[PDB]
Amino acid sequence: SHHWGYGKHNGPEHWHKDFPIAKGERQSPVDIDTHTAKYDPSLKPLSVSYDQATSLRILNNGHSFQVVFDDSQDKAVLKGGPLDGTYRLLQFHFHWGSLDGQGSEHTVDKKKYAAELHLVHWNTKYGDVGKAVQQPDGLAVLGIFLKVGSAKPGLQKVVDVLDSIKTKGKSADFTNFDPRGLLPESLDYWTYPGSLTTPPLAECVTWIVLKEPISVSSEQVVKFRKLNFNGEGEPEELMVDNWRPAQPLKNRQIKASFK
Ligand SMILES: [Zn+2]
């Protein structure tokens, strides 16, 4: 135990000691009970504007890998849906399992998906992400489920560089990556107020979870599972099962954009 992770001695059941908000009133992820979520005709269609996105780097950050974007202008922005104002894309990352029957953070009628993609955006009215994480409407995370079947062609560029970032601290140039290639057809979604799913567990996120999963191939997710939690020179621990389980809903309402 010590610095946080996903292991027996430092995983999700330990996080509350360093981050007491772990037991807070609006923690994430949650189970999405599809029959209880209420269709809200007042919600808007989600506006996902990624045409001008500028990817920078790909990084193994010890807990996942992330692709980072230039967020110094309104290039790649999320608006509409449940959101007021404009949210800039900062990065995306994934959570995944050791086997295909677990890996997602959100669940749908208790179903776990093989993985979950998070595209993290911050509200421009707070000026920078560090300020945004201190606000209840600071961040919008677009969550997308992954199931195993056919390959996702738009993911392959990511998959093919993972061998260059095997261990914690490694990064690589990752320019000209188009995150539109990671999106499903439909933008139908569920939304609720929640939190970051990792330390610091800040209660600053409007969650937007797409109903339609993307399909990835077994070869694609196998390459995720070859990443290491450990740094180079340390005992090899596969980066798998880097997901937080569902947390209590606590009288929050999950709303559906669709009937
Ligand atoms: Zn995440």
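We're numbering straight along the sequence, starting at 1.
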4.5 Å side-chain heavy-atom contact, [X] and [Y]:
X    : Y    : value
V120 : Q66  : no
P193 : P136 : no
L89  : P179 : yes

Ring pair (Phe, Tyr, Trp, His ring centres under 6.0 Å) with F65: which of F174, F224, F229?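 Among the candidates, only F224 passes.
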Given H106, which of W190, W207, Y189 fulfils the ring pair (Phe, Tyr, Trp, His ring centres under 6.0 Å) condition?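 The ring pair (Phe, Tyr, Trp, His ring centres under 6.0 Å) with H106 is passed solely by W207 among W190, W207, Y189.
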For the student: nearest non-hydrogen atoms of [X] and [Y], plus distance:
X    : Y    : value
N123 : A132 : N-CB, 4.5 Å
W96  : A115 : CB-CB, 3.7 Å
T198 : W15  : CA-CZ3, 4.1 Å
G5   : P12  : O-CD, 4.0 Å
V148 : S217 : CG1-C, 4.1 Å
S195 : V205 : C-CG2, 3.5 Å

Can you tell me how far apart [atom1] ([X]) and [atom2] ([Y]) are? Round to the nearest 0.5 Å.
X    : Y    : atom1 : atom2 : result
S28  : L249 : OG    : CG    : 9.5 Å
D137 : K125 : CG    : NZ    : 4.5 Å
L146 : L155 : CG    : CG    : 7.0 Å
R26  : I21  : CZ    : CD1   : 8.5 Å
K110 : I32  : NZ    : CD1   : 12.5 Å
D178 : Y50  : CG    : OH    : 10.5 Å

Who passes ring pair (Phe, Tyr, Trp, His ring centres under 6.0 Å) against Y113, sequence neighbours left out?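 With neighbours one apart ignored, the set is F145.
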Using the side-chain hydrogen bond (donor to acceptor under 3.5 Å, both in side chains) criterion, which residues pair with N242? Sequence neighbours excluded.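 For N242 there are no side-chain hydrogen bond (donor to acceptor under 3.5 Å, both in side chains) partners, ignoring immediate neighbours.
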For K75, all residues meeting side-chain hydrogen bond (donor to acceptor under 3.5 Å, both in side chains), sequence neighbours excluded: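 Partners of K75 by the side-chain hydrogen bond (donor to acceptor under 3.5 Å, both in side chains) criterion, ordered by chain and then number, come out as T54, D70.
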For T167 and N228, which I'm curious about, is there any donor-acceptor pair between the side chains at under 3.5 Å?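 Result is no, nothing qualifies.
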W4 versus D18, side-chain donor and acceptor atoms under 3.5 Å: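 On atom types as modelled, these side chains do not qualify, holding no pair under 3.5 Å.
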Are more than 12 heavy atoms from other residues, nucleotides or ligands located less than 6.0 Å from atom CG of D84?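 12 or below, so no.
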Taking everything shown except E212 itself, do over 12 heavy atoms lie less than 6.0 Å from its CD?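 Yes, CD of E212 has more than 12 neighbouring heavy atoms, counting only those of other groups under 6.0 Å.
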Quick one: does [X]'s side chain have a donor or acceptor within less than 3.5 Å of a partner on [Y]'s backbone?
X    : Y    : result
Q247 : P245 : yes
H121 : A140 : yes
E234 : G231 : yes
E105 : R244 : yes

Are [X] and [Y] linked, directly or through other ILVMFWY residues, by side chains that come within less than 4.5 angstrom of each other?
X    : Y    : value
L99  : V216 : no
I165 : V161 : yes
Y6   : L238 : yes
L139 : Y126 : no
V77  : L46  : no

Among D74, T124, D71, find the one that has a side chain to side chain donor-acceptor pair (under 3.5 Å) with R88.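 When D74, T124, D71 are each tested with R88, the side chain to side chain donor-acceptor pair (under 3.5 Å) holds only for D74.
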Pick out which of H63, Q102, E116, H118 makes a side chain to side chain donor-acceptor pair (under 3.5 Å) with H95.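 Of all the options given, the one that passes is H118.
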Dump the intermediate steps for side-chain contact (heavy atoms from CB on, under 4.5 Å) on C204 and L196, then the final yes or no. CA-CA 7 Å; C204 61; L196 300 172; 4.1 Å; yes
Checking side chain to side chain contact (heavy atoms under 4.5 Å, CB included) between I208 and each of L187, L83, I144, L119, which is the one that passes?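 The option that passes is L83.
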Knowing that exactly one of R225, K147, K112 qualifies, which makes a salt bridge (charged side-chain N to carboxylate O under 4.0 Å, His left out) with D100?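 Among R225, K147, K112, the one that satisfies the salt bridge (charged side-chain N to carboxylate O under 4.0 Å, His left out) with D100 is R225.
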Any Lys/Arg nitrogen of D51 or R180 sitting under 4.0 Å from an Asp/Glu carboxylate oxygen of the other?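 A salt bridge links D51 with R180.
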Please report the C-alpha distance between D173 and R57 in whole Å, then the side-chain angles of each, then the deciding distance to 0.1 Å, and finally whether the side-chain contact (heavy atoms from CB on, under 4.5 Å) criterion is met. CA-CA 5 Å; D173 285 326; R57 306 284 294 171; 2.4 Å; yes
For side-chain contact (heavy atoms from CB on, under 4.5 Å), just list the numbers for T191 and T206, CA-CA rounded to whole Å, side-chain angles, deciding distance to a tenth of an Å, and then say yes or no. CA-CA 7 Å; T191 185; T206 303; 3.7 Å; yes
Listed partners of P248 passing side chain to side chain contact (heavy atoms under 4.5 Å, CB included), at least two apart: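 For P248, the residues satisfying side chain to side chain contact (heavy atoms under 4.5 Å, CB included) (neighbours in sequence not counted) are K250.
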Which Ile, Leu, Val, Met, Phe, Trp or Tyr residues join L56 in one cluster when any pair of side-chain heavy atoms under 4.5 Å counts as a link?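 Members besides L56, by chain and number: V68.
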All pairs passing salt bridge (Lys or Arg N to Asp or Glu O under 4.0 Å) where residues 192-203 contributes a residue, at least two apart: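 Listed once each, the pairs would be none.
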Determine, using ring centers only, whether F177 and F92 are less than 6.0 Å apart.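 Between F177 and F92, which both carry aromatic rings, the centre distance is below 6.0 Å.
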With a 6.0 Å cut-off on ring centres, are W243 and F94 close enough?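 Not under 6.0 Å, so no.
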Applying side-chain contact (heavy atoms from CB on, under 4.5 Å), run through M239 and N60 and close with a yes or a no. CA-CA 10 Å; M239 183 181 280; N60 177 334; 3.5 Å; yes
